[PDB]
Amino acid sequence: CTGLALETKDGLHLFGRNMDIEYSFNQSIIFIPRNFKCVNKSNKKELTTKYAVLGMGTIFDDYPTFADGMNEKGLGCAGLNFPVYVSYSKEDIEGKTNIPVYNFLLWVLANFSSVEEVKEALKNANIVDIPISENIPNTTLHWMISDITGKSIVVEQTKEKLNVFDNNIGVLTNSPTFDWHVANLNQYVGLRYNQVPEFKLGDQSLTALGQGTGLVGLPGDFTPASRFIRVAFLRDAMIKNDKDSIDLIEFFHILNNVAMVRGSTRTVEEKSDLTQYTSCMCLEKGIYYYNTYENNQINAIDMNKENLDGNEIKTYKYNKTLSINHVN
């Protein structure tokens, strides 16, 4: 998975992610109106939304759970794989605000209007364990969260504490911890976006064979560490050189560079790990844009076209049928 936040030329804030998995999870686009009571049947825990919510997720026994999404106030959240350095509690911890893993994303979007508000409540940070239905393998996720102010945070629970990092890079991938990746960026201070055309190697003239010589040493593989480096510098270069050109499609160009391709990232179970979908949320406008591995045309779902005071959850079918424009 790769997360990304970006500000457009018109001053709008985009937030989204690549979902990188080798399987389907019965996902669909889920809309939840405000003042809507969600009740988990397996453990009888309930949640009533304060704000309307839209994003990608799935439904277990009528209970919604999200992979990423936004609310009507322009707060966004995305849950990304975090397999090694995560540690949830096996049961509730006394005195803490205990949040079940599966419910964290909805908890953020349903209750809060800004990053600053989320930050105070997370101090409170508790990604313990709790199921949802009857079974299911409750995993992990390393959190961020972004809003209309342009500020982003990353949320990671380790064995010692629930960590909340200010994210000044504007990106996230997977393991290891966020502070590891930030220090790793320092290894690449020698990268240059500008062409290096020549090098006088004593008696030998060295001339660049093509464009791109300044970035030689950029890692090309699909590990979380390498993808973090690539997206961080690609984002930086566009802001530095092309702040006034940034729009929706640029978000997709950045994430395409770190997208997984069929065949080349094989798991030990011999399945292909893919970038299954790419989402981009325009936070001010309440529009969830996404495309999929099967269909690259961007699909838009606008929450403002729904009844925010409605009484039903609405779902939209995950689009995996390629849409072509037939010109003649």
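Residue numbers run from 1 along the displayed sequence.
Undergrad: Averaged over C-alpha atoms, is the B-factor higher for 163-171 or for 178-186 in this PDB entry?
TA: Here the higher of the two C-alpha B-factor means belongs to 163-171.
Undergrad: Per the record, averaged over C-alpha atoms, which has the higher B-factor: 281-289 or 45-53?
TA: Comparing averages over the C-alpha atoms only gives 45-53.
Undergrad: Go through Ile254, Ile132, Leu191, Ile229 one by one and give the residue whose Cα B-factor in the PDB entry is largest.
TA: Highest CA B-factor of the listed options: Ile132.
Undergrad: Please work out which residue in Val108, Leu122, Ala78, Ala237 has the highest C-alpha B-factor recorded for this crystal structure.
TA: Across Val108, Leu122, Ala78, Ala237, the entry lists the biggest C-alpha B-factor for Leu122.
Undergrad: Against its chain's modelled residues, does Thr58's Cα B factor rank lowest, middle or highest third?
TA: For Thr58, the deposited C-alpha B-factor lands in the middle third.
Undergrad: Is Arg266 in the lowest, middle or highest third of its chain when residues are ranked by C-alpha B-factor?
TA: For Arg266, the deposited C-alpha B-factor lands in the middle third.
Undergrad: Please place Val84 in the lowest, middle or highest third of its chain by C-alpha B factor as given in the entry.
TA: Within its chain, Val84 is a highest-third residue by C-alpha B-factor, going by the deposited values.
Undergrad: What third of its chain's C-alpha B-factors does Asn26 belong to: lowest, middle or highest?
TA: According to the entry, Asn26 has a C-alpha B-factor in the chain's middle third.
Undergrad: Test of reading the entry: by CA B factor among the chain's modelled residues, which third contains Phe222?
TA: Lowest third - that is where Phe222 ends up once the chain's C-alpha B-factors are sorted.
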